[PDB]
Amino acid sequence: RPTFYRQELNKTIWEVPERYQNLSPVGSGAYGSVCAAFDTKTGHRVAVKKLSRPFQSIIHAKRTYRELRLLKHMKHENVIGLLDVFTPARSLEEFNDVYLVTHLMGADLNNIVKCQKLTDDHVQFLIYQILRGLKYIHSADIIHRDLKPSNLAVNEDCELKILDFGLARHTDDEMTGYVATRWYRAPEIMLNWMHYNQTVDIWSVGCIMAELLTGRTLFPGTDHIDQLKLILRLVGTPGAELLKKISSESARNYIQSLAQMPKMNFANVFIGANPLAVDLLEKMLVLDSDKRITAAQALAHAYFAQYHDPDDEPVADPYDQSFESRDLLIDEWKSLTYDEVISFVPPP
Ligand SMILES: COc1ccc(C(N)=S)cn1
Ligand SMILES: [Cl-]
Ligand SMILES: [Cl-]
Ligand SMILES: [Cl-]
Ligand SMILES: [Cl-]
Ligand SMILES: [Cl-]
Ligand SMILES: [Cl-]
Ligand SMILES: [Mg+2]
């Protein structure tokens, strides 16, 4: 057990191993209560997150366990990973606080590229890395559900990592109005058309790629209905085959009140773009999720010819999430979390 020291940060007392020095608050709080630090064991600048009231309710205790399980599993160059996890507690009986350590991420795609169009070679490399990480995530049967520019960390060498695992589900209010937390969502999850699956993430990648190419949000709706109208103008109204699959009778009835529209010509929407980029966007932005291209298929598309290497696009170890359908008491979720803290093995 390392020696811990204490100091006052973010309105509370933090207690951390000596290896972590020069702690200072960072960020806007989107991922939790976080400080930057220097890790003397590894030489990295790191982010240290102190969980707020991790075991105050059944919902919060299970969410803490979920975040730790997801972060311990992710081991890929284009996905956030766990450098360390610790508690000052010496036993389960005194366990109360959890701290997580990751690489410090300076900039995201949003704060870097807002209102700006990038060159085609840059778009190729950035979207390639998103898809490489997504192939890994989906191979573990994990659905991200919230891919958007603020969840993509990028460094000076245009290297990219996917963020946002195991945090609270987004609320109805967070999704209301003229807000970026809805602009990248697939229509079937935005409107609860049907039981969704991992194909929702490919819709989000299409929205991101379009925005890197034009410098503009693809579907900046002022509310759910305005956004649906923008989507259907581009990709066309649903045909009878997809209407069948909308298991919400009320949603199905609203869609049929709208006048029918054909799919638009994407070469006239994305004027001047690489024809291979136009072709890939047409295969991502398909209304029927059954027919969208997958991450593994998209890596082999000719748009990525200068980066694609099928021997360097790895998949994940199996991920057991049977706990997600399990009902337990607060102290049982807390005991499971403690076991996962003390069993952590740091990366090589
Ligand atoms: C220590 O910094 C952290 C910890 C966890 C997470 C996520 N759950 S994505 C993000 N930042
Ligand atoms: Cl230490
Ligand atoms: Cl990482
Ligand atoms: Cl503790
Ligand atoms: Cl964003
Ligand atoms: Cl969500
Ligand atoms: Cl597992
Ligand atoms: Mg999110």
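Residues numbered from 1 in each chain as written, not as in the entry; some residues may be left out. Chains lettered and ligands numbered in written order. Heavy atoms only, no water. Residues with missing side-chain atoms left out of burial classes, pairs and counts.

Under the annotation held in the PDB entry, the chain carries the name Mitogen-activated protein kinase 14 and is attributed to Mus musculus. We quote the UniProt Cofactor comment for the chain here in full: "Mg(2+)". (UniProt positions renumbered as here; feature names shortened; annotations may be inferred.)

Novice: Got a minute to help me understand the site of ligand 1 in this structure?
Specialist: All residues adjacent to ligand 1 are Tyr 31, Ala 47, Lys 49, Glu 67, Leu 71, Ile 80, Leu 100, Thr 102, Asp 164, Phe 165 and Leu 167. One nitrogen or oxygen atom from the side chain of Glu 67 is found 2.8 Å from a nitrogen atom belonging to ligand 1. Between ligand 1 and the protein, one listed contact pairs an oxygen atom with a side-chain N or O atom of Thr 102 at 3.5 Å. Isolated, ligand 1 exposes 310 Å² of accessible area, and the fraction of that covered by the protein chains is 96%. Taken together, the residues that form the shell around ligand 1 break down as seven nonpolar, one polar and three charged. (Near = heavy atom within 4 Å. Polar contact = N/O pair within 3.5 Å; in protein donor to acceptor, adjacent residues only side chain to side chain. Areas by Shrake-Rupley, 256 points an atom, 1.4 Å probe, with all protein chains shown as cover. Nonpolar A, V, L, I, M, F, W, Y, C, P; charged D, E, K, R; others polar.)

Novice: Before we go on, may I ask you to explain the sheet that holds strand 10 (residues 160-162) in this structure?
Specialist: Within a beta sheet, neighbouring strands are joined by backbone hydrogen bonds and run either parallel or antiparallel to one another. If you trace the three strands from one edge of the open sheet to the other, you get 8-9-10, paired in antiparallel fashion. If you trace the sheet from one side to the other, it starts and ends with strand 8 (107-108) and strand 10, each paired once. As defined by bridge partners, strand 9 (residues 152-154) adjoins strand 10 across three bridges and the pair is classed as antiparallel. Paired with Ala 153 across the strands is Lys 161, a residue of strand 10. Lying on the sheet, helix 3 (residues 120-139) is in contact with strand 9 and strand 10; it crosses strand 10 at an angle near 35°. (Pairing = 2+ DSSP bridges. Helix = DSSP H or I, 4+ residues; strand = E, 2+ residues; numbered from the N terminus. Contact = heavy atoms within 4.5 Å. Axes fitted to C-alpha atoms, helices over the stretch in contact; angles between N-to-C directions.)

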